[PDB]
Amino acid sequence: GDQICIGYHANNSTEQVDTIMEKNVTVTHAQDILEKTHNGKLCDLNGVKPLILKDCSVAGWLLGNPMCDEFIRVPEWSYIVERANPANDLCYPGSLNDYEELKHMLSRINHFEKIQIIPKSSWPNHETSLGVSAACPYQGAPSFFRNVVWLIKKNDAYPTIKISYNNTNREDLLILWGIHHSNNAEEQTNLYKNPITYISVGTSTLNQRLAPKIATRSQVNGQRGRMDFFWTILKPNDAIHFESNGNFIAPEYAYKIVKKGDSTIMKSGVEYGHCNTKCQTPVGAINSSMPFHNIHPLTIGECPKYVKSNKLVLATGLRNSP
């Protein structure tokens, strides 16, 4: 007689899925929920370009390392890009205090503006032009950090400094200063004329006293001397008071800074690509809605959950037989 049959779909498809009880099952249609693709470029994060320090560290950028490129106005950024080992960090050897907290705080900045707070004219009793070193060469000539001044004795005398700066701006100020550790007693007098010296820094919260550590040290960038740099945030209508009789690396520029959100520092050599994204990795940005990915763990932004997987394939069609 007449015949009627019941059957399901099949197609030319070698797509594979796995189940809890059966391995290596071929299906008609399947979907992968594991993101594995990126654009290979560093992109803007939610419409804000990153601050790309080419080969400079944050400390060299902030202090004005002469080998680092001249300050270009980047009034805002969403994250900072450094190379794995920045070459130009501190041309004169030493340290920057609380460096990692400072780097974390500068990772995402809403407004960043460099201003002059103490011009080199404001040191009439001290030499302001001999503060140079072969460890900080510019155009082959000995130089120094741009944004600070290395004061030296004038007329074989170093009168005690007593200067203040009141923050009249509407925004917080990032201020950096330093102390120079000389190599021996003779070098201490040759530069500052005062054998025993100090530095005092005062604000509404900061109460700092520093003394030079005159000792024998190993040569770094050809110099046995050291400079220790320090920073503070001067809130509006507060003032910072400096006082020293030697070894003082005075600020000249400061930075008006407004901070709204948080980020981190990304280590990458990948180039900027004039794109936009909501999830960024050191190897490229991610444009996806998947819940999982396996590209890189050091992501910044709203990103899929990082897993150790090559594929997470979900069966949508029927079991396809050849």
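Residues carry their position along the shown sequence, with the first being 1.
*Asks:* I need to verify one thing: averaged over C-alpha atoms only, is the B-factor higher for 21-29 or for 303-311?
*Replies:* That would be 21-29.
*Asks:* Check the entry's C-alpha temperature factors for 236-244 and 67-75, then say which stretch has the higher mean.
*Replies:* Between 67-75 and 236-244, it is 67-75 that shows the higher mean C-alpha B-factor.
*Asks:* From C43, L62, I257, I295, pick the one with the largest CA B-factor in the entry?
*Replies:* Answer for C43, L62, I257, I295: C43, with the highest C-alpha B-factor.
*Asks:* Which one of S268, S57, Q280, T264 shows the top CA temperature factor in the record?
*Replies:* It is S268.
*Asks:* Compare the C-alpha B factor of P159 with those of the other modelled residues in its chain, then answer lowest, middle or highest third.
*Replies:* It belongs to the middle third of the chain when residues are ordered by C-alpha B-factor.
*Asks:* Rank-wise, by C-alpha B-factor, drop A141 into the lowest, middle or highest third of its chain.
*Replies:* Highest third.
*Asks:* Of the three thirds of its chain by CA temperature factor, lowest, middle or highest, which one includes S129?
*Replies:* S129: CA B-factor falls in the middle third of its chain.
*Asks:* Taking the chain's C-alpha temperature factors as the reference, tell me which third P195 falls into: lowest, middle or highest.
*Replies:* For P195, the deposited C-alpha B-factor lands in the middle third.
*Asks:* So where's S121 on the chain's Cα temperature factor ranking, which third?
*Replies:* Highest third.
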